[PDB]
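The chain below stands alone, shown as structure tokens; this is the form deposited in one PDB entry.
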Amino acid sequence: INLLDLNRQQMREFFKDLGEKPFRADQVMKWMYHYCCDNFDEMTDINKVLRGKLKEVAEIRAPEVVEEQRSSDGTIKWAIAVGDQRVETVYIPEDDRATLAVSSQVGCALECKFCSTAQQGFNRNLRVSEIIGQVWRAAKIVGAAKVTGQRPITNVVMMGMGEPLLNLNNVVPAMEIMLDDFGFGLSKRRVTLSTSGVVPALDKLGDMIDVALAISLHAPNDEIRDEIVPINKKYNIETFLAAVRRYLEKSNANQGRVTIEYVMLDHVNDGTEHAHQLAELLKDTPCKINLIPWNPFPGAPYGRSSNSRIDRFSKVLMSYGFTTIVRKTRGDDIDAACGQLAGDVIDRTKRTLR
């Protein structure tokens, strides 16, 4: 029994089940997440008998890091071992903050055409310990909170491999741990779950946890979205934005706005005609816009909008009063930029034959 699979409720449960008081769950979480301890013999403020009781009944096993790559950006990407397979995790330092992109499945069940995770197939969901484990290893490797004196991580984004809303069972507990004060103590506002639009699971999310929301929109109408982000064929743009607005109603994390992700595919969806449509489309949705220049990956039929097109496109949106930021491209030299995470996946869907 591995305590990295457990959130606070559950660890309390666990400690009651050992005839021991529930504040013990707070102590152990502090060692685990504030110091990145994987070793009960260091928990100096737990009496020696219980300290030993734990070693018999439980453990703290994060997946192992088996690769590391540094970019001129400063950006780092670690590959973690997940049985025979690998998912990948990205650390992004900016001046006043540090951000971890976290993987949430082994590949992705979805088929976005501009995504490299999509082109590897899909194997399985990640367990809680394999999600929060990514935040655990990255915190230890960077410099643990009460070990260097600084928060190693200030923001997390569920923007690694996989679609988060197709693994709510594990995504939510893991986000719960991130937010927890005896966990990493991060902020609602600085944990951004991004989703391609699995509407029912978003409604479900609303009833489970309040967390900042971004959406992989990527087109200004269904005819295009059908082609690049195929799940649109099952939950279309209007259905999705309705769901989004349902989430935003009951959410402090988002501060009344959703972040719109829109990847910039050269001469596909990135002309000023599209910006005009996009502005219209979003007239009834309080948001801010994040333009993402496309990051390439082997075999793709696409190209990256030139900066002139991006610049023009963004200015149209700005005419209509939208906050429009171009996401700086980070980790491209090591295939760690958004979309480039292929990991190592044993596809179980036969993505190839088809």
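Numbering starts at 1 and runs along the sequence shown. Residues that one form lacks are left out of the comparison. Take the two forms, superpose them, and find the largest set of C-alpha atoms that agree within 1.5 Å; that set is the rigid core.
One more form of this protein exists, namely the form deposited in another entry; it is left out here, but the text below deals with it.
Asks: Once the rigid core is superposed, exactly one of 250, 283, 234, 146 has its CA displaced by 2 Å or more between this form and the one not shown; which residue is that?
Replies: Everything else stays below 2 Å; the exception is 146.
Asks: Have a look at residue 181 and residue 151: in the other entry, are their Cα atoms closer together or farther apart than in this form, given the change is 3 Å or more?
Replies: Here the pair is closer than in the other entry; there, farther apart.
Asks: Comparing against this form, do residue 149 and residue 72 have their CA atoms pulled together or pushed apart in the other entry? The difference is 3 Å or more.
Replies: Closer together, by at least 3 Å.
Asks: Once the core is lined up, would you list the consecutive runs of at least three residues whose Cα atoms each shift 2 Å or more between this form and the one not shown?
Replies: 144 to 151 is the lone stretch that moves between this form and the one not shown.
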